[PDB]
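# Topology and contacts: notes
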Amino acid sequence: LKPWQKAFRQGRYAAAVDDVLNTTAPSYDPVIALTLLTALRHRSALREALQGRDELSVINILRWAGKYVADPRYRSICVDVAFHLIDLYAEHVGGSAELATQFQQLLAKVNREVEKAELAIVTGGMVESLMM
Amino acid sequence: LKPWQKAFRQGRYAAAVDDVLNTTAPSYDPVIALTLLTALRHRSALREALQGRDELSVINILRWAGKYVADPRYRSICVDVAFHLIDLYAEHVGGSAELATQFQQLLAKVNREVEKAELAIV
């Protein structure tokens, strides 16, 4: 059995999430992670699942979001997860510089998705002027 | 039982969208639009419902999304719609200033949301 399956059969639901989101596990399947995170959103429980975690769980989740945010299939949930973690733990970045960095790294990545989207638009205007 | 629901179950995804995003209708309901749009996303049908549209329809959907994106109930969907629309249409915005303008304005809000989160960390 994969660690996440055991975790779910026992009541260790917080651990379960850490298990599917563990990308360096041999049995890791990114699609499974996306599945669970999108399943929780569909069930209106994404926030609840994400709250009341210790610093290590949260950093790992931030990092997962950051790994996939630039992938058009994962981007929606990564963006959601980012915003959910902000509203939940932005008050606890005090007793940690390790947590405040991962937040920045993720937000920098999100801001880049927006900046890359801006270029896709404004370039057309640039090519327009150039061809005339 | 409603036309947008029938269009949906019948796979006329784009027609359902055109229904729920018609704000001039007595029964226009942002919550219904949200229900539909998320429903498409769950069926992996959102891109399909947004694709193959004329310029004016794209400008109108972008505009619709700008109106709810800051609301946490709608943000996730609205941001997706932005990205979906960018991927599908950004290449054609040459010589279409109105559309480029509309894209920029929606992005500006998506930007604003990211900024607010940055501000929450600091």
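Residues numbered from 1 in each chain as written, not as in the entry; some residues may be left out. Chains lettered and ligands numbered in written order. Heavy atoms only, no water.

With that settled, the discussion passes to the overall build of chain B. Counting its regular elements, chain B contains seven helices and zero strands. Shown N-terminal to C-terminal, the secondary structure of chain B runs as helices and strands in the order α-α-α-α-α-α-α. In summary, chain B has a C-alpha radius of gyration of 15 Å against a globular reference of 14 Å for 122 residues, a match within 12%. Along the first, second and third principal axes, the C-alpha set of chain B runs to 50 × 35 × 30 Å. Across the 122 residues of chain B, 48% fall into the buried class. Sequence separation of at least 24 residues holds for 65% of the intrachain contacts in chain B that already meet a minimum separation of 6. By element, 51% of the accessible surface of chain B is carried by carbon and sulfur atoms, the whole surface being about 6300 Å². (Helix = DSSP H or I, 4+ residues; strand = E, 2+ residues; numbered from the N terminus. Rg over C-alpha atoms; globule rule 2.2 N^0.38 Å. Buried < 20%, exposed > 50% of the residue type's maximum accessible area, 1.4 Å probe, protein only. Contact = heavy atoms within 4.5 Å. Areas by Shrake-Rupley, 256 points an atom, 1.4 Å probe, with all protein chains shown as cover.)

With that out of the way, let us pick up the interface of chain B and chain A. At the interface, 25 residues of chain B touch 25 residues of chain A. For the pairing of chain B and chain A, the buried interface totals around 2100 Å² over both sides, and the portion due to carbon and sulfur atoms is 72%. Sorting the residues of chain B by area buried against chain A places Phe-83, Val-114 and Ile-121 of chain B first, and these three jointly supply 29% of that buried surface. Viewed at the interface, chain A and chain B are joined by zero salt bridges. Our enumeration of links across chain B and chain A arrives at six residue pairs in polar contact. Taken together, the elements giving at least two residues each to the side of chain B that touches chain A come down to α3 (30-42), α6 (75-89) and α7 (97-121) of chain B. The element that contributes the greatest number of residues to the side of chain B that touches chain A is α7 of chain B, accounting for twelve residues. (Buried area = accessible area lost by both parts, 1.4 Å probe. Salt bridge = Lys/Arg side-chain N within 4 Å of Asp/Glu carboxyl O. Polar contact = N/O pair within 3.5 Å; in protein donor to acceptor, adjacent residues only side chain to side chain.)

This brings us to the environment of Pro-26 of chain A. Looking at the secondary structure, you find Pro-26 of chain A in the loop between α2 (13-20) and α3 (30-42). Taking the C-alpha atoms as reference points, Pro-26 of chain A and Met-131 of chain A, 105 residues apart in sequence, are found 52 Å from one another.

The next thing to look at is α7 of chain B. For α7 of chain B, spanning 25 residues, the distance from its first C-alpha to its last is 36 Å, which sits close to the expected 36 Å at 1.5 Å a residue. Residues of α7 of chain B that are buried: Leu-99, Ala-100, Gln-102, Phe-103, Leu-106, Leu-107, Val-110, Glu-113, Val-114, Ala-117 and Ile-121 of chain B. Buried residues along α7 of chain B sit against α6 (75-89) and α7 (98-130) of chain A together with α5 (55-66) and α6 of chain B. (Expected span 1.5 Å × (residues − 1).)

Between side chains of opposite charge, a pair can form when the charged atoms approach closely. All names here are of chain A. One pass over the full model with this rule turns up eleven salt bridges over all chains. Salt-bridge contacts for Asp-80 lead to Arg-41; the nearest nitrogen and oxygen are separated by 3.0 Å. Remark: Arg-41 occurs in helix α3 and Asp-80 occurs in helix α6; sequence separation between them is 39 residues. Just as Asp-80 is buried, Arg-41 falls in that class too. Measuring nitrogen to oxygen at the nearest pair gives 2.9 Å for the salt bridge that ties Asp-87 to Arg-47. Note that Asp-87 is positioned in helix α6 and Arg-47 in helix α4 (residues 46-50), a separation of 40 residues in sequence. Residues participating in the shared-partner salt-bridge network are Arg-75, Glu-113 and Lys-116.

Here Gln-102 of chain A lies in helix α7. Among residues more than four places away in sequence, those in contact with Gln-102 of chain A are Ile-59, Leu-62 and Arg-63 of chain A.

Looking now at the nonpolar core. One finds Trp-64 and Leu-85 of chain A together with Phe-103 of chain B to be the most contacted residues of the largest nonpolar core, which totals 89 residues. The contacts of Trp-64 of chain A, once residues within four sequence positions are left out, are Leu-21, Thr-23, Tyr-28, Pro-30, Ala-33, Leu-34, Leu-37, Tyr-74, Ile-77 and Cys-78 of chain A. (Core = buried A, V, L, I, M, F, W, Y, C linked by side-chain atoms within 4.5 Å.)

So far we have only geometry, and geometry alone does not tell us how the molecule works.
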